[PDB]
C-alpha cells in the first residue's frame, strides 16, 4: 500500500507538470523563459488565484487585485532584443480553472494546489523577516526560528496547518485572543459559536506540535478558558519560549516550483508509473537534474540567490546550517550574509538593469528526513530568549515543570545523509560539521520585512 501512495503523489506532480507545459505554450514562452523561476511563480499564482476566488485560502490577494475579481494574472518576463521585458498578462479565472482541470485529466486536484501553496510559503519563510509581526503580538523577535509557514493565507485549511510552526500558531492565537479582548460580543451569537470552535481547533493543532506531557497540559488550560484574555496570551508566550529548547514537531515538505516539474514531464516522464515521495531521494534527483534560471538585480550574488531557492526547495530555512553545509558541499551561510533579496521582482523595479543567471541547485549528498548523532548547542540569543520573563508574573506547577525540563533538557528532527551514488540508502554517512559556520539561518538577520508590498 506504500507504493499506492507514491502513485497518487506522483499523479499530482504529473498534473502540475502538464499544467505548466500548457501555460508555457499558452503564454508563448521560449524554453529559457519557461525555466525562468520568476515566470514559474507568476504562473503558479494564477492557479491559486483562479481557485481561491477571494477566499484567502491558497494565496493572499492585493487590495488592488480586487479591481476585476473575474480575472487574474501577473508579470511575465521575456528576453526581447538583449533586454528583459516585463508584461502584465491577464486571464479569466474560469479559463485558468478549465486549463488546470484539463491538465489533471478532469480532476480538481486540490493536492496540487496545496503543493504550490506550500512551495510559496517555504520560499517566503527563507526570504523575508517576520520580526515586526512578532512585535505587534507582543512576542520576542528572537523567536524568528519558530515562524514556519507564518506567511500562509489565514484561511488555509488542514493542509496549511501541518507546516505551521509553534510560534506561527501562538501568533494566530494571540491575534484571535486580542480581538476577543477588544469586542466583548466576539464569543457570543452565531459568530461566537463558530469562533469558539475555531479557537479549540487551533489550540488542539498547536497542542499536537508539542512533544512533552507538560507542554500539552498547559495547552489544555488555554483551550478550557471559555473567555480568553491577557492571561492566556502570557501562557502562550511562555509556551513559545519553551519551544526554543523543547522543540515542537512541525512537518517540512520539499515542494519544488512548477518550472522543475514542468520540463521533467515535458521531456517525458510518468510520475504516476515510477511514483514520487517527498521524503526520500526523489526531490534531490529532480534538483540535481534540473535547469532553472532566475532574474537577478545589480549588486546581487547569484550563488546566494541559488542558496535561497535551494533552501526553500528543501524547506530547510529552520534547520542547522552546519548540516545543510555538509549535504550541500558548500558553506550554507546565514540569511544576513546573503547578497540577495526576494526572488520576485516588484512592479516598481527597473527592468533595464536586470540580468539573468543559472541557479545552482545541486547537492553533494542527499538526505531523508528522519545511528550515531552528534548534537550541537543553541546560540546565546536563543538561550536568553528561552529562559526569561519567568521571574515575574504567572507561576505554576506546570510552568516550573516546563522550565525544569528546559534546564535539564537533553540534546528535534534530524537528517540521514547518503551518497548520491547510494540510491538505496545502504550506507549512512555520519556528517562532519564545520564549527566556524553559524547554526541558525536567522543569526544576524537583515532581510526585508514581509509586511511591505
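Numbering follows the first chain given and starts at 1.
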Gap size, residue 412 back to residue 411 (deposited sequence, no coordinates)
4 to 9
Unresolved deposited positions lying between residue 370 and residue 371 come to 10 or more
Of 153-161 and 318-326, the stretch whose C-alpha atoms average the higher B-factor in the entry:
153-161
When mean C-alpha B-factors in the record are compared for 32-40 and 419-427, the larger belongs to 419-427
Highest CA temperature factor in the entry: which of 285, 86, 331, 184?
184
If you compare 291, 382, 340, 294, which has the highest Cα B-factor in the entry?
382
Would you please rank residue 203 by its C-alpha temperature factor against the other modelled residues of its chain and give the third it falls in: lowest, middle or highest?
middle
Consider only the C-alpha atoms of the modelled residues in this chain, order them by B-factor as the entry records it, and name the third containing residue 257: lowest, middle or highest.
lowest
Taking the C-alpha B-factors as the PDB entry records them, is residue 299 in the lowest, middle or highest third of its chain?
middle
Please rank the C-alpha B-factors of the chain's modelled residues and tell me whether residue 60 sits in the lowest, middle or highest third.
highest
By the record's CA B-factor, is residue 71 among the lowest, middle or highest third of residues in the chain?
highest
